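Structure record follows, encoded as structure tokens.
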Amino acid sequence: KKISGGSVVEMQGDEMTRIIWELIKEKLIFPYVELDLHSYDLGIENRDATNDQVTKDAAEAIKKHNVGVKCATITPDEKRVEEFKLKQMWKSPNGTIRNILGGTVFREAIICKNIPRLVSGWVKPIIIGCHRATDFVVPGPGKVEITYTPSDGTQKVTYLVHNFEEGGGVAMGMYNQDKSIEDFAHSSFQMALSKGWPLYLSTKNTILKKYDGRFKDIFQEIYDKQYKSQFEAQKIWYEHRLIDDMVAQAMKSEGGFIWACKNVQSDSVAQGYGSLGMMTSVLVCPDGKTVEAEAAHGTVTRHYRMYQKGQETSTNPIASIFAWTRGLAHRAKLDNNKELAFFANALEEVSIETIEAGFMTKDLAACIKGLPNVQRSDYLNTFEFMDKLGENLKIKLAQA
Amino acid sequence: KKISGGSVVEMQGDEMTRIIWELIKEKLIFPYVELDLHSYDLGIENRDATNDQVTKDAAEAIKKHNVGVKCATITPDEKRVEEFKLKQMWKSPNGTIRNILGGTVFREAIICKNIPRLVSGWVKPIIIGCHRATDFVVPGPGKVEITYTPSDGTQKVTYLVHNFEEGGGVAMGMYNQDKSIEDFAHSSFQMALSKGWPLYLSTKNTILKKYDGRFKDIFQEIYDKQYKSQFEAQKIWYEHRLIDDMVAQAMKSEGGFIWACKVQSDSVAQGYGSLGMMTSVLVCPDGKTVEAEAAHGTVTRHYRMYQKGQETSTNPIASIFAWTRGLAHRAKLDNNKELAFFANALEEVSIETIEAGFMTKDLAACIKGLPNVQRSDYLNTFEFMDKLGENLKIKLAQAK
Ligand SMILES: NC(=O)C1=CN([C@@H]2O[C@H](COP(=O)(O)OP(=O)(O)OC[C@H]3O[C@@H](n4cnc5c(N)ncnc54)[C@H](OP(=O)(O)O)[C@@H]3O)[C@@H](O)[C@H]2O)C=CC1
Ligand SMILES: NC(=O)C1=CN([C@@H]2O[C@H](COP(=O)(O)OP(=O)(O)OC[C@H]3O[C@@H](n4cnc5c(N)ncnc54)[C@H](OP(=O)(O)O)[C@@H]3O)[C@@H](O)[C@H]2O)C=CC1
Ligand SMILES: CC(C)c1onc(-c2c(Cl)cccc2Cl)c1C(=O)c1cn(C)c2c(/C=C/C(=O)O)cccc12
Ligand SMILES: CC(C)c1onc(-c2c(Cl)cccc2Cl)c1C(=O)c1cn(C)c2c(/C=C/C(=O)O)cccc12
């Protein structure tokens with residue numbers, strides 16, 4: 001008999017990841033854990049068939065059950081419309097999901113002793129947390145001003161945006177509500193507490209004194225009113241940093257901090273570097289309770305094209321495995337479920353250990369060696385890597 | 001017999017870059033090129049002494065003579081005011097110069113075969129053309145609106161930015177003149193032709209339909225009406241891309257393009273450890289007036305050690321390329337084949353020197369990782385300059 005996992009929302013996706021996601025389910029999860037599974041097929045054809053209703057349902061299911069684990073999905077553009085004869089250019093499922101749950105996205109590279117890090121010298125995890133405008137055409141010369149009127153009618157403040165003198169142009173107004181800034185600090189301070197790392201907030205503070213200053217202020221305020229306690233408990237701390245100083249400190253750091261930044265191209269850097277397969281993602285809702293976990297990468301279309309043509313593929317499943325493990329860890333925490341907690345942690349260990357023992361997908365070998373120097377014998381194919389992880393997991397679980 | 005290089009505006013600067021600037025003039029330029037040299041000292045002391053007049057005169061001189069080359073300067077802050085006991089906290093020299101010249105800053109990484117790039121697929125250079133606002137605290141409930149008053153006394157136009165119904169927040173207005181958008185286009189269309197490459201503009205125009213839509217519209221209008229012909233004749237083209245699509249395209253690209261977009265860059269370059277290899281060119285819409293400089297600062301930290309008579313290893317490459325880019329433009333303007341050659345030769349010897357294994361510590365780190373770097377891996381500031389000097393002298397001898 002196996003573990004009772006409780007209620008999990010699961011979203012199937014597209015292309016190479018759809019394949020890996022099933023392998024993850026078949027080989028790593030279902031053998032050991034039983035779930036009250038709420039599964040939504042967010043494959044692109046099923047989204048088209050249901051007029052995207054399945055995406056909305058999936059999001060609502062996450063609101064209800066607190067835990068969502070999601071497979072990468074195709075975000076349609078014109079080419080995707082032609083390729084699948086879509087009825088419409090459906091919105092990003094991610095956009096729809098985040099819009100309904102709200103919250104803050106945290107990214108974290110999974111690290112292995114034998115895998116080079118972006119910055120040589122990083123030794124501990126780094127988690128990066130990231131945080132409607134009225135734009136119009138100004139058709140000729142004239143004054144654009146922005147005006148605030150308190151509802152108590154006591155005052156009016158008008159700021160000049162710009163005197164257009166030589167012609168027209170464009171202007172826009174933007175705003176943030178305090179609440180949203182509060183939510184972001186909450187998610188941030190809590191993640192720092194959940195991971196036991198210090199938290200830094202970076203802003204451009206000096207350019208937009210008032211806009212960024214309000215982040216600085218609310219973070220400090222919330223810190224001082226609700227976290228300085230627990231922070232000294234775990235022996236961590238919170239500080240604000242100018243982005244320029246933040247980048248510099250991080251350059252010299254050993255790692256082991258949460259980095260909230262007001263703004264982003266985190267994936268793009270991991271992508272160029274060749275380690276997007278190791279980059280995971282969790283959306284933390286303000287409420288402390290609801291999370292959605294997923295890989296940071298997409299559907300790996302290029303590998304899917306190879307697969308469909310019968311070429312061997314070597315696609316890294318780690319980010320996707322860690323979507324499940326962070327999902328289950330959080331489910332475990334809500335349910336005070338020692339067995340689930342043990343299982344999740346176990347699976348991450350197996351995944352990190354396997355790689356460290358020298359078995360890895362081609363992307364990671366390229367990371368070690370540079371792509372020109374990779375031999376087929378340096379890596380495992382997609383199924384080969386999954387089977388290895390499967391055996392090691394069996395072994396690890398058949399003890400203690 | 002030295003080359004007659006013609007009219008060049010040069011601007012001296014601050015701190016570590018100031019030392020290097022002189023070494024470049026004395027070791028790499030003056031032994032080979034005679035200039036009608038318009039030198040302005042934009043050193044912080046001298047800016048203070050002249051009440052910043054020197055910065056304005058430098059800018060006027062570039063306007064008159066078309067070619068500027070500029071050393072990194074200190075932008076005063078509060079700490080800086082105290083440090084030099086300044087009269088005021090002078091505006092940034094680069095700000096003053098840009099407002100007088102107008103134009104667009106193009107950034108370009110100098111590429112060496114042995115120095116890893118941000119994406120391993122990139123074979124050829126990429127040139128990024130990057131294009132303030134009014135923000136305030138909203139202290140509580142009430143209405144933020146943004147207003148356009150046409151100067152021809154036609155009726156006032158009001159847009160709601162947001163009703164704050166509970167609590168406060170922040171708000172800003174921003175703007176962009178058609179004229180500056182037209183310039184952006186001309187400068188980008190100019191740059192592409194000069195370098196003989198396709199040009200992409202990335203916007204977010206599905207989100208900011210009117211604001212980013214204005215950029216897209218005006219780029220197209222100006223291409224169609226005035227530039228397409230000259231683009232097809234060099235077998236290049238212009239295209240607009242949404243930012244996500246553009247990033248994706250760029251991930252899979254070989255390079256060899258101009259990228260016009262609307263502070264992430266310094267972060268990436270700084271983060272990798274390659275700020276010494278980033279050059280910057282302000283390109284005016286007239287196709288005639290340029291101003292070249294290092295994209296990095298005055299390297300205060302290295303200057304601190306140098307004041308203490310300790311060894312430094314500061315990368316002069318971006319500063320050198322400020323000269324070679326300015327001289328190449330000057331050479332192009334006056335059809336000066338000797339100077340053109342000399343500028344290329346100086347760029348090539350610089351790259352080749354690095355490629356042969358002689359480099360400054362920063363580039364050793366890129367190769368080895370900072371913790372794995374030792375003294376015998378690199379040259380100090382003065383050794384490296386000397387090395388470039390011998391190699392340049394040998395190269396030119398072989399060219400004759
Ligand atoms: N959250 C989501 O649902 C997301 C969805 N997408 C969607 O995914 C699709 C593919 O987008 P695309 O731009 O190709 O981006 P992907 O992130 O899917 O792939 C980009 C490249 O990154 C590398 N890579 C990414 N993940 C892995 C992995 N697990 N193993 C090995 N290498 C990996 C590969 O490099 P190489 O080619 O060198 O092997 C790959 O071709 C699109 O349809 C897009 O809409 C995109 C991002 C997020
Ligand atoms: N063009 C201009 O006029 C500009 C001027 N500035 C001014 O420069 C001053 C100092 O700014 P700072 O924040 O230190 O920014 P810098 O870019 O001057 O230095 C930041 C760090 O980047 C690395 N680096 C930069 N250039 C080189 C190089 N040539 N060789 C080796 N390493 C290099 C060093 O890292 P490490 O310390 O790890 O060795 C350095 O300390 C400020 O007063 C600022 O106003 C800033 C930007 C542009
Ligand atoms: C800001 C926007 C224009 C942008 O969007 N996405 C990237 C990006 C890419 Cl394409 C891939 C990886 C990492 C990043 Cl951030 C990116 C970006 O900042 C940059 C785009 N390039 C090409 C650079 C270079 C160039 C290096 C070179 O030629 O070797 C240097 C520093 C920043 C960027
Ligand atoms: C925008 C801001 C958050 C930012 O600022 N500066 C960096 C950066 C650093 Cl610190 C150094 C090098 C390259 C970069 Cl771009 C940076 C940035 O994008 C990133 C910061 N980190 C830590 C990462 C990681 C993490 C890797 C790991 O844990 O092994 C992956 C991809 C992007 C970033």
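Below, chains carry the letters A, B, ... as their sequence lines are ordered, and counting in each starts from 1. Below, all heavy atoms of this structure are taken into account, side chains as well, without hydrogens, waters or symmetry copies.
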Enter the distance from A:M172:CE to B:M172:CE here, rounded to the nearest 0.5 Å. 8.0 Å
Compare every heavy atom of [Y] with every heavy atom of [X], then report the nearest pair and how far apart it is.
| X | Y | result |
| --- | --- | --- |
| B:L208 | A:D135 | C-OD2, 3.1 Å |
| B:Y272 | A:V269 | CE1-CG1, 4.4 Å |
| A:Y159 | B:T134 | CB-CG2, 3.6 Å |
| A:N176 | B:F164 | O-CE2, 3.8 Å |
| B:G169 | A:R214 | N-NH2, 3.9 Å |
| B:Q270 | A:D244 | NE2-O, 4.3 Å |

Option that, when pairs with chain A are counted at under 4.5 Å, heavy atom only, ranks first among B:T154, B:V119, B:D152, B:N372: B:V119
Hits for side-chain contact (heavy atoms from CB on, under 4.5 Å) against A:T73, two or more places apart or cross-chain, chain-then-number order -> A:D14, A:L42, A:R47, A:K70, A:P93, A:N94
Under the side-chain contact (heavy atoms from CB on, under 4.5 Å) rule, collect the residues that match up with B:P139, sequence neighbours excluded. A:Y148
State whether the side chain of B:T147 and the backbone N or O of A:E145 hold a donor-acceptor pair below 3.5 Å, judged by distance alone. no
Counting only N and O atoms by type, is there a donor-acceptor contact under 3.5 Å from the side chain of A:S151 to the main-chain atoms of B:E165? no
Are B:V157 and A:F136 packed together at the side-chain level, in the sense that at least one heavy-atom pair is separated by less than 4.5 angstrom? no
Does any part of the side chain of A:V144, heavy atoms only, come nearer than 4.5 Å to the side chain of B:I146, both counted from C-beta? yes
Tell me whether the count of non-hydrogen atoms from other residues, nucleotides or ligands lying under 6.0 Å of NZ in B:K124 goes above 12. no
